[PDB]
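>>> Please find the sequence and an experimentally derived structure below.
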Amino acid sequence: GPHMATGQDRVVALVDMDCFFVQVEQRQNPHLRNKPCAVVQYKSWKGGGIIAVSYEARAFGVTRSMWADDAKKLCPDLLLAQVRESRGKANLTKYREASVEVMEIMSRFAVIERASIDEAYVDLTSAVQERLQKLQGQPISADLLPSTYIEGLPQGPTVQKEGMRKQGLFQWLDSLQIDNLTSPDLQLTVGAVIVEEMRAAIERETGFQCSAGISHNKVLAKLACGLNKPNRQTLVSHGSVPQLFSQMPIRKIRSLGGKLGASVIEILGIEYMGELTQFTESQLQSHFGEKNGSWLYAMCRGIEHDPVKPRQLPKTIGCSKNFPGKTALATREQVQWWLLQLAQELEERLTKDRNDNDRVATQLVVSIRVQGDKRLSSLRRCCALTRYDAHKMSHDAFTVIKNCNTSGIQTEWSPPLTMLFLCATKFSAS
DNA sequence: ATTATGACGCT
DNA sequence: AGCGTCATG
Ligand SMILES: [Mn+2]
Ligand SMILES: [Mn+2]
Ligand SMILES: [Mn+2]
């Protein structure tokens, strides 16, 4: 009735860089621009594993996780850029620095939450109130929203993509009641104006294009961002949620793409996010736990309260390498050499971090995988991180993993190691 | 033999 | 603390 809280109090955007590592490489090498191209890690095994794909190449079926040799079967003219290798491993510094460029631009408009190397949520509620006070009642011109889709429109009583985008936007803007600064649809619209400006600033100042979603919470903003890529933004209003969710597979919503979403589907006998509305909050909590159940109950109605956290920097700084199949580490000298390689990269990144961000890590986490273990991590052990020195860090990691060697020979390592991972955590202002 | 990250929930 | 899940450039 009048006391139902519809979760329309915030304006939240999710900005995601289009095929990010590809764009970084295309900015650096103009010969790659506007071409089918992909970014690969390594090269010897099947041409390298693809981790990013330009939209031109996606049209040929090239995807992330493809081996480049297989991708070349789909797209023989595919161009490839390789991630830098340093100390025997992939080194992603170039992409982390490019990410910082984008994040610093976004931070000029509002508080952001770094959600990945190429995406950030934006809490625009306050910026929207500001812009609405500046608009002094003036209507919102379509010219202010030149790359915005309104999800669900056009509807009701041109066969070109841009024509439909414009028709839907016109329908939306024509319905807009711009006379109260408290309408959630108006607030979302102003949010989209701001996101147009933010995306223009990112492209002007970095060369990088991005997509974005604008809605009332993080989950809807992320979902919205995916609806119209690349180089476009999408507004998902509260009112669009019933129709949008009525045919939305459950796995498309962030956090439901894995085992939990599979159990929602199997236990409840449903397929689409909207079907969740027919269950009581207690029913959902009974199957999926109190937190998940309350979250699902609100989220299938378009409502979620998870805040945009004020955090532009990563909480951990880590280094990892797999040693698959026959290249697993089987001698103590091997394990120690690779721990040193990882620790040297970690030292370099940590020292840069301390200089840039006025903080120091205080905990070192060591994770390994042993051959024949199905898990991603066989074992995790922590120890104190008291100095940014790679030799000490690698000695300490060896000390906390040494008792895993079930070999009679101390020169051999059994069972061989298929993964090493060093992660610095628990940062403190320095 | 996708690999290299990173956040967060659970107990 | 150590383990598992989700995301996935
Ligand atoms: Mn992206
Ligand atoms: Mn992303
Ligand atoms: Mn992606």
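On my side now, so go ahead. Numbers count the residues shown, from 1 in each chain, chains lettered A, B, ... in the order given. Ligands and ions are numbered 1, 2, ... in the order given.
>>> contacts, neighbours, all on C-alpha from now
Noted.
>>> Spit out the contact partners of residue A:310.
Residues near residue A:310 by CA atoms under 8 Å, 6 or more residues apart in numbering: A:111-113.
>>> From residue A:212, how far out is it?
As defined by CA to CA, to the nearest Å, residue A:310 lies at a distance of 19 Å from residue A:212.
>>> Where does the closest residue to residue A:370 other than its chain neighbours sit, in terms of helix or strand?
The spatially closest residue to residue A:370, leaving aside those adjacent along the chain, is residue A:417, at 4.5 Å (CA to CA, 6 or more residues apart in numbering). For residue A:417, the element it lies in under DSSP states H and E is strand A:412-429.
>>> and what of residue A:169?
Assigned by DSSP H and E, residue A:169 belongs to helix A:161-175.
>>> And the contacts of that helix?
Helix A:161-175 is touched from outside by A:140-142, A:148-150, A:152-155, A:158, with contacts defined as CA under 8 Å, 6+ apart.
>>> Throw those into JSON lines and include secondary structure, thanks.
What follows is the contacts of helix A:161-175, written out as JSON lines (DSSP: H, G, I helix; E, B strand; the rest coil):
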{"residue": "A:140", "secondary structure": "coil"}
{"residue": "A:141", "secondary structure": "coil"}
{"residue": "A:142", "secondary structure": "helix"}
{"residue": "A:148", "secondary structure": "strand"}
{"residue": "A:149", "secondary structure": "strand"}
{"residue": "A:150", "secondary structure": "strand"}
{"residue": "A:152", "secondary structure": "coil"}
{"residue": "A:153", "secondary structure": "coil"}
{"residue": "A:154", "secondary structure": "coil"}
{"residue": "A:155", "secondary structure": "coil"}
{"residue": "A:158", "secondary structure": "coil"}
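>>> who are the neighbours in contact with residue A:145?
Residue A:145 neighbours (CA under 8 Å, 6+ apart): A:192-193, A:196.
>>> Could you rerun that using 10 Å?
A:166, A:169, A:189-190, A:192-197, A:233 (CA atoms under 10 Å, 6 or more residues apart in numbering).
>>> Same list, these, but as a markdown table with neighbour count please.
A markdown table is the format used below for the contacts of residue A:145 (neighbours: other CA atoms under 10 Å):
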| residue | neighbour count |
| --- | --- |
| A:166 | 20 |
| A:169 | 24 |
| A:189 | 27 |
| A:190 | 26 |
| A:192 | 29 |
| A:193 | 23 |
| A:194 | 20 |
| A:195 | 26 |
| A:196 | 21 |
| A:197 | 15 |
| A:233 | 31 |
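>>> So which of those is the closest to DNA strand B?
Nearest to DNA strand B among the contacts of residue A:145, counting by CA to the nearest atom of the strand, is residue A:195 at 22.6 Å.
>>> Dig out what the residue nearest to residue A:370 forms beta bridges with.
Beta bridges link residue A:417 to residue A:329, residue A:370, judged by DSSP bridges.
>>> From ligand 2, how far out is it?
Distance of residue A:417 to ligand 2, given as CA to the ion, to the nearest Å: 31 Å.
>>> so that residue touches residue A:336, yeah?
No: checked against CA atoms under 10 Å, the pair residue A:417 and residue A:336 is beyond contact range at 11.5 Å.
>>> Not counting residues beside it along the chain, what's closest to residue A:124?
Once flanking residues are discounted, residue A:124 sits nearest to residue A:11: 5.2 Å by CA to CA, 6+ apart.
>>> Contacts only, for the closest residue to DNA strand B within the stretch 151-300 of chain A.
Taking CA to the nearest atom of the strand, DNA strand B has its nearest neighbour within the stretch 151-300 of chain A at residue A:291, 6.2 Å off. With contacts defined as CA under 10 Å, 6+ apart, the neighbours of residue A:291 are A:284-285.
>>> Mind doing that once more with 8 Å?
By CA under 8 Å, 6+ apart, the contact set of residue A:291 is residue A:285.
>>> what do you get for residue A:216?
Listed by CA under 8 Å, 6+ apart, the contact partners of residue A:216 are A:7-12, A:188, A:237-238, A:303.
>>> Mind checking which residue lies nearest the centre of chain A?
Centroid check for chain A by CA atoms, centre = their mean gives residue A:116 as the closest residue, at 4.0 Å.
>>> Any idea what that one is bridged to?
Under the criterion used (DSSP bridges), residue A:116 bridges to residue A:119.
>>> if I look at it, how far off is residue A:160?
34 Å.
>>> Return the residues of the stretch 1-150 of chain A in contact with DNA strand C.
The stretch 1-150 of chain A has residues A:16-17, A:19-22, A:51-52, A:64, A:116-119 near DNA strand C, with proximity defined as CA under 7 Å from any atom of the strand.
>>> Going through those residues, which ones are buried?
For these, a burial check counting by 16 or more other CA atoms under 10 Å picks out A:16-17, A:19-22, A:51-52, A:64, A:117-119.
>>> For these, work out which two are farthest apart.
Spanning the widest gap among those are A:64 and A:119, at 17.2 Å by CA to CA.
>>> Give me the buried stretch members for stretch A:135-146, please.
By 16+ other CA under 10 Å, the buried positions in stretch A:135-146 come out as A:140, A:145-146.
>>> what's the answer for stretch A:262-274, then?
A:264-265, A:271-274.
>>> Quick check: end-to-end length of it?
Length of stretch A:262-274, first residue to last, CA to CA: 16 Å.
>>> Over to stretch A:13-28?
Using CA to CA, the two ends of stretch A:13-28 sit 28 Å apart.
>>> how far out from the middle of the chain is it?
How far stretch A:13-28 lies from its chain's middle: 12 Å, per CA atoms, centre = their mean, to the nearest Å.
>>> likewise stretch A:323-343?
That offset, for stretch A:323-343, works out to 30 Å (CA atoms, centre = their mean).
>>> From start to finish, how long is it in a straight line?
Terminal residues of stretch A:323-343 lie 17 Å apart, using CA to CA.
>>> which parts of chain A sit against DNA strand B?
That would be A:41, A:45, A:48-51, A:64-67, A:89-92, A:115-117, A:289, A:291, A:313-322, A:324-327, which are the residues of chain A within reach of DNA strand B (CA under 7 Å from any atom of the strand).
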